[PDB]
Structures are given as structure tokens and as C-alpha cells.
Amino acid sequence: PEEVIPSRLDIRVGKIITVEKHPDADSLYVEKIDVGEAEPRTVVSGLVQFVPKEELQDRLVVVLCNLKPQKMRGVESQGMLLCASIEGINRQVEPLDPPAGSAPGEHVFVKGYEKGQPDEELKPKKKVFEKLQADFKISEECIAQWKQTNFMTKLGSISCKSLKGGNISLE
């Protein structure tokens, strides 16, 4: 089959321009995120019970952009936030953080897989994300990696606040 490599994912730095609770859902937030495009994308994240609304406002995040849009509880999500997570007594989630000084749209990649062109749109059947995810993990230094290799941008590696040894998930 076709090689399963991280360059097949279209990931970029984003800035949450607006955040509001989902109309028909207690655990979802609906955001408008500047991904460096003409118009900001609409993104639905299950973080209401994890992160306070104020810690998402104007926040720089990491967004998977080549996923087939899908309506979540009525709202169409045009992308997803990459998060770090550990399933303990209770779930623990933290959105991944772009290096300091990053801007909307900047290319997020795995070291050594920067030039590869992303899939126009990820096909669920092919499960490229989940097959890559089998090697996704947060290092002991809190750095997002794939097969122990750093996700990054020109300005530095992608990290999380404290979930070392955690997974990289979409929720």
C-alpha cells in the first residue's frame, strides 16, 4: 500500500479567535480559529470540562486541517485541535503548544518529514491518522513525537504543559 508517514497530515499553528459553548452539548466548545487562510475555520473541541473558556481565547494551538469536515452535535467542524492526553482515574487533556513566537498557518511537521505533501483529504477507511497515532507519544520532556521524533515548526518543537508519557489525540 501507500506509505504511512506523518507528512500525510496537514498540521498548522492556529490562533483561537473566538470560543463559545456548543448550543446542543455540555462538553463541547465551538471555535473560530485562524489557520492562516482567508477565513478562520470553525472547530468543535471537547474541552469544556477540561480547560476554562478564558485559557482558549486568543490561544495558539495545533490544528489538523486535512480531515473530512464533519458535523458534531449539529455544528460542522472543519478541523481538530491536536491534544495531549492520559487516561488516568479521570481523563487528562491539554492542547498541544506551538513554540513561542509562532503565527497562524505556520507548518507543523515531524523532523525529517517536512517536504512531504499532505493528503488532499484523509479517508476514514484508510485510517492514516490512527496508524500514525500508534507511534504518537509525549516524551518525558513533554514534547510531542512520532516514533520518538519531534513535531515542530521553524520556530521550535511542539509541546504540552505537563502530560509526559501521554498520547496525542483528537478527542
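All residue numbers refer to positions in the sequence shown, first residue = 1.
Of the two stretches examined, 133-141 and 23-31, the record assigns the greater average C-alpha temperature factor to 23-31. Comparing 106-114 with 32-40, the higher mean C-alpha B-factor in the PDB entry belongs to 32-40. Ranked within its chain, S159 lands in the lowest third, by CA B factor from the PDB record. Ranked against the other modelled residues of its chain, the C-alpha B-factor of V93 as given in the entry falls in the lowest third. In this PDB entry, the Cα temperature factor of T18 sits in the top third of its chain's modelled residues, the highest group. Among the modelled residues of the chain, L67 sits in the highest third by CA temperature factor in this PDB entry.
Among all modelled residues in its chain, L56 ranks in the highest third by Cα B-factor.
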